[PDB]
């Protein structure tokens, strides 16, 4: 039962990574995703590559190298896997999204630097819905942009501010089965939840260190029933919320030891309830 599984979280099952550029090592990893068969997909940002591991954290494959050509990355941030196994990458310093097939073969790129519709200023988090639409946190444009799976522009929402529907440096994003778009609104210390049309539905949290409060939240994820997972980076902890936004559980504290964190980025959830966390400053992914 998911509630009971989540209330038990505290002790890490295993970890993977460590600083370096060999396969299985990371240098400042950021985004994280779960792929088919509970694969662990890591945006290994300073190595300009994606690494894919099996559900035990064993290296399987990688793709990407530094550059601005097709299938080349420059400090990628977010990564997602869609319903047909394609990899969707937010290619941060190239201000574009790339779509690769389930084998890691480049299919298409869309976007360039700017403020027009379909242009980005530092795309960060990326996710997809059941129909394959792509949702991008366009960080320095303080907005979410929505695309068809081929990169065609669909729509956008959000602008600068701390008011309702406004965003300040949003980083990560998730979309629920109920078609709610969950955005970590980092510099407002809150999660903002929108409908897919862009209307604000609710806010979770606010600035602080008590249960249900955040400092500079980063990764967000949602499970199949709507439980919400937040990498509360400034408080060096993961928080879990019931689907209605109420606080359920927190675990983690500052450090480099087991079940401790120093600089959280992406978060993801396996089909069995294992929570995956990217601890950028310790160059590792921990599984709980």
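Positions refer to the first chain, counted from 1.
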| item | value |
| --- | --- |
| Greater mean Cα temperature factor according to the PDB record, 210-218 or 91-99 | 210-218 |
| Of 33-41 and 255-263, the one with larger mean CA B-factor | 255-263 |
| Candidate residues 144, 79, 130, 175, the one whose C-alpha B factor the record puts highest | 130 |
| Largest Cα B-factor, entry values, listed residues 232, 223, 70, 65 | 70 |
| Ranked against its chain, the third holding the CA B-factor of residue 195 | highest |
| CA B-factor placement of residue 283, once the chain's modelled residues are sorted into thirds | middle |
| Cα B factor band for residue 246 (lowest, middle or highest third within the chain) | highest |
| Ranked against its chain, the third holding the CA B-factor of residue 125 | lowest |
| Chain thirds of CA B-factor: placement of residue 268 | lowest |
